[PDB]
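So the structure is just underneath, and the comments pick up after that.
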Ligand SMILES: *[C@@H]1O[C@H](CO)[C@@H](O[C@@H]2O[C@H](CO)[C@@H](O[C@@H]3O[C@H](CO)[C@@H](O)[C@H](O)[C@H]3NC(C)=O)[C@H](O)[C@H]2NC(C)=O)[C@H](O)[C@H]1NC(C)=O
Ligand SMILES: *[C@@H]1O[C@H](CO)[C@@H](O)[C@H](O)[C@H]1NC(C)=O
Ligand SMILES: *[C@@H]1O[C@H](CO)[C@@H](O)[C@H](O)[C@H]1NC(C)=O
């Protein structure tokens, strides 16, 4: 259970719901916190479970990384007639049972939450409160979104949502569109940067770089350990959290003797005496950078959401209108000759009352063909189908000719 | 390669109504169609 | 040179009313180093926007198939000699020793990811040997390979070669656009997309050599067939799937049987092997090599290999939905031009070079057209005096013509002089041609 050694203070509790301060004030290996243990269930919250040593939303709030929204949580008991549940109603969530509250990261980049009236619980879609007699509600709040946070100083005041073909994602009106509007529920990754709002992304290209800052080290201690805190006989072998701020930095002063692994000894000063705590290096801690607009940036929080997106399928699939008549067709005793102005003609065919005649030649502005059947003698209308080199030119034309004299044709 | 193309004297092209392709090749056929039970008569045609 | 009358739009005074010109253009691509020209005609002494398609080069790029990695490896052996009936020194266990099973003596190695093997050799048994028992003793040997140099080489093969054209898109009001594309392929550039037909030849056969790449150092050619199964005494006897596996001698690497030579002489064991140094073979066959008139060489930007062979292709690239217009171009500009010289040949793929001295007061172009409209000359005009050059085609030993040159203003005459050299073909029947020809070797 190394994941219960939380970075920073590790305060996984929300204001008002302070009846679980025994185990939700700094989360340790011992107790159970309702607002944290849900994140560690298998199959749920996989993005956080991968980045399990980064702060949660509540932890980021308590470290002043993420602010709290105006009406931090407008209670449904006292503010059910106010336009509160607007960003929540556009998300498709799934709460378990016996939960009286649920927190999320609103559009402005702050933390808001929905709290049901006393003795009520949030339904399976977290949209309504229902009352069950003789039910024991949990003392925490359910994390609605799958996200992880961190401390960043990179500025993002110029960052904005840039999604192609999206009229509106979530509660953000990207642009104004008219006509067809494909509306659906989609999983959109999003990020929050310093001095910015929520930024939805089309792609999630993120990388992590390691460091030797205090948040990257997991420092623990044993219970019943000699010359340590809780130095009394134990009936069970359990661990205890340790504050790395006490172990001295290399070439510096400190208050406790402290030993660790290779990374800790490289960063901090490992003692040669009996140590008070063991400081290992975290699985994957570090700094996570997200690729936005082709440039890397340092986000405050990174997560994904299930929100209603309105797309535009198309304005026009394809337009195929070509009434082109840029050619001159004239019947000649030598042969049926058509000069195509501009576009060249390679092969062509001429039909006249069933019987057709073909012709092949190199691409040229004109082409001559033998007359089809007795159309030369009888005149009439003859259809021509030819293959042009260009496009947007009608391939079906009609030529009207009077009866011709074969004597000039065969004259010799 | 739009349809009006000739390959080794075949000249494939679009059939009338653009429901398929043709193949213009040298040749001929003998057709002997047969009618059967042909009955289409009325009474008003008796006048001259 | 080519109009857009069927899709032309009103490109009001001053402001621009372009209507997203959708009509495609079908024009023949120029030869290597030549340009393709477009005409966007609006109001006389105004507009006249020119879109140019420069043909940078035509290369016969490679389409790689299978590949692997290799490097330099050396073995290290640990030996432990035990008398009979000690540990697993039973003879039945001694001869039937599996190569992938580790002895108990070398347990400090434990679990490792390095390529390794284990052998057992019978030795003498007796008080002279060192053991009271007279049955043969055992010597257990554990050998692992380690990389000598911190570099790797990638060996691959070219199943086929593909024609590949590089174009420079001199767009309207700005020529910052260079693209590369193959046969029957389109690229979604600005103002729509550009497609290439290249209907002559989409391929140029295959080969039976192998190619080596050293990252950050270049390429090379080796004259052996690309074998997917390792072979002793050849290249790629020990092959991996990544540079890290090569540099770490990871166990996932494949190798041929019986590479390690064992010398179990009674004093100390000698573990050694003779391996083809891939770096030596790489240095032996650096790319600029000609084999049966092919002259493989490094592509520009060192992103692959080429194949210079005798041949030519016909390229007919197509534009579509080309729309790039602004409003500030409504103003007119004047310039001055002066003929400089004429060089080159006639009826040749190389063509004739015309250089012009343009003395202009600002940004602009040039639209000199001959009397019959057959030959067109386009050159940008800039502030002050500049010397630009252009490529055209001719069919006469001597050139003496007049062109109607006017840069969005008054029409003026420009007279061009000069002769052209004669290319000796050593064999001529009718003519040479003007198509797009790929680079060829001398021996071809
Ligand atoms: C031998 O007599 C035939 C019968 O008159 C002529 O063949 C056709 O005659 C039609 C009228 O009798 C013409 O119809 C006209 O066709 C044009 C387009 O072709 C239409 O615009 C007209 O509306 C239509 N009707 C009229 C009253 O004009 C046919 O065009 C015509 N077929 C042709 C000319 O090929 C023969 O012309 C005639 N031959 C000789 C040598 O005298
Ligand atoms: C003798 O000792 C070895 C230990 O080196 C042991 O493996 C072997 O089984 C023994 N042989 C006997 C007990 O016969
Ligand atoms: C590799 O070793 C394991 C255990 O030593 C054995 O089960 C397996 O058969 C070996 N593979 C071979 C002999 O190909």
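A quick note on method: Cβ atoms are made from the backbone with ideal geometry, for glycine too, and the neighbour counts reach across all protein chains shown. Laboratory data are not the source of any read-out in this text; all were calculated from the coordinates shown.
When the Kirkwood hydrodynamic radius is evaluated over all pairs of different C-alpha atoms of chain C, what value in angstrom, to one decimal, is obtained? Result for chain C stands at 27.8 Å. Measuring nothing but how far apart in sequence close Cα pairs (under 8 Å, 6+ apart) lie, relative to its length, region A:103-252 scores a relative contact order of 17 percent. Evaluated at 4 °C with a viscosity of 1.567 mPa s, what Stokes-Einstein diffusion coefficient in µm²/s does region C:343-404 have when Rh comes from the Kirkwood expression over alpha-carbon pairs? D, rounded to a whole number, is 103 µm²/s. For the peptides C:346-357, C:194-205, residues were scored by their other Cβ atoms within 10 Å and the scores averaged per peptide; the highest-first order is C:346-357, C:194-205.
Calculate the tail of P(r) for region C:114-163: the fraction of all Cα-Cα distances greater than 18 Å, expressed in %. Considering region C:114-163, 65 percent of its Cα-Cα pairs are separated by more than 18 Å. Shielding by partners for peptide A:274-283, expressed as the average number of C-beta atoms from other protein chains within 10 Å of each residue's C-beta, is 0. Taking all Cα-Cα distances within region C:168-209, those exceeding 11 Å account for 72%. Computed from the C-beta positions of residue C:430 and residue C:327, the FRET efficiency with R₀ = 45 Å rounds to 0.30. Consider all pairwise Cα distances in region A:116-263 and report the whole-number % of them above 20 Å. Tail of the P(r) past 20 Å holds 73 percent of the pairs.
Pairs of Cα atoms in region A:307-352 fall into 5 Å distance bins, from 0 up to the last occupied one, in shares of 5, 11, 16, 17, 11, 6, 7, 6, 6, 4, 5, 3, 2, 1, 0 percent. When chain A is treated as a GNM with alpha-carbon contacts under 10 Å, the residue of A:176, A:138, A:68 showing the greatest mean-square fluctuation is A:176.
For region C:16-74, the equivalent ellipsoid built from the Cα gyration tensor has semi-axes of 47, 15, 12 Å, listed from largest to smallest.
In this simple spin-label approximation, residue A:360 and residue A:220 carry label points 7 Å from Cα along the Cα→Cβ vector, and these lie 8.1 nm apart. As a proxy for reagent exposure, C:32, B:29 were ordered by neighbouring Cβ count within 10 angstrom, fewest first; the result is B:29, C:32. With neighbours defined as other Cβ atoms within 10 Å of a residue's Cβ, the residues B:36, A:230, C:320 order from fewest to most as B:36, A:230, C:320.
Rounded to the nearest 0.05, what FRET efficiency do residue B:15 and residue A:32 give with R0 = 60 Å and r taken as the Cβ-Cβ distance? Could you check? E(calc), rounded to 0.05, equals 0.20. Using a cutoff of 8 angstrom between alpha carbon atoms and counting only pairs six or more residues apart, the relative contact order for region C:216-266 works out to 30 percent. Scoring A:122-130, C:409-417 by mean Cβ neighbours within 10 Å over their residues and listing the highest first yields A:122-130, C:409-417.
For peptide A:342-354, the mean count of partner chain Cβ atoms within 10 Å of a residue's Cβ comes to 3. Dividing the summed -39500 (n - 2.57) terms of all DSSP H runs of n ≥ 4 by the residue count of chain C sets its mean residue ellipticity at 222 nm at -1000 deg cm²/dmol.
Across peptide B:2-12, the average count of Cβ atoms from other chains found within 10 Å of a residue's Cβ is 5.
Relative to the current alpha-carbon distance between residue C:386 and residue C:63, full extension at 0.36 nm per residue lengthens the span by 112.0 nm. Average 1/r across all pairs of distinct alpha carbons in region C:227-287, invert it, and you get the Kirkwood radius: 13.5 Å. Rg over Rh for region A:237-367 works out to 1.67, both radii taken from alpha-carbon positions and Rh defined as the Kirkwood radius. Against the compact-protein benchmark of 2.2 N^0.38 Å, the Cα-based radius of gyration of region C:128-208 scales to 2.64.
Dividing the convex hull volume of the alpha carbon atoms of chain A by its residue count gives 260 Å³ per residue.
Rg then Dmax, both in Å and based on the Cα atoms of region C:279-399: 21.7, 65.
Normalised by the number of residues in region A:1-86, the average gap of Cα pairs under 8 Å and 6 or more apart makes the relative contact order 28 percent. Going from the fewest other Cβ atoms within 10 Å to the most, the residues A:301, A:270 appear in the order A:270, A:301. Taking one quarter of the surface of the C-alpha convex hull of region A:291-412 gives a mean projected area of 14.5 nm². Rg and Dmax of region C:50-90, based on Cα coordinates, read 30.5, 93 Å. Taking A:109, A:260, A:373 as the candidate residues, the one with maximal mean-square fluctuation in a Gaussian network model of chain A, Cα springs under 10 Å, is A:373. Kirkwood Rh over Cα pairs of region C:204-260 into Stokes-Einstein at 37 °C, 0.692 mPa s: D in µm²/s? For these conditions, the coefficient is 253 µm²/s.
Per residue, the convex hull spanned by the Cα atoms of region C:55-147 amounts to 156 cubic angstrom. Between A:208, A:133, A:329, the Gaussian network model of chain A with springs among Cα atoms under 10 angstrom shows the greatest mean-square fluctuation at A:329. Shape analysis of the protein assembly as shown yields a ratio of the Cα radius of gyration to the Kirkwood radius, Rg/Rh, of 1.09. The alpha-carbon atoms of region C:1-155, seen along their principal axes, cover 114, 30, 26 angstrom, with the largest extent given first.
Relative to one another, the C-alpha centroids of region A:343-387 and region C:25-94 are positioned 50 Å apart. A straight chain from residue A:409 to residue A:263 at 0.36 nm per residue would run longer than the Cα-Cα distance by 42.6 nm.
By the compact-protein rule of thumb, 2.2 N^0.38 Å, the alpha-carbon radius of gyration of region A:1-117 corresponds to a ratio of 1.08.
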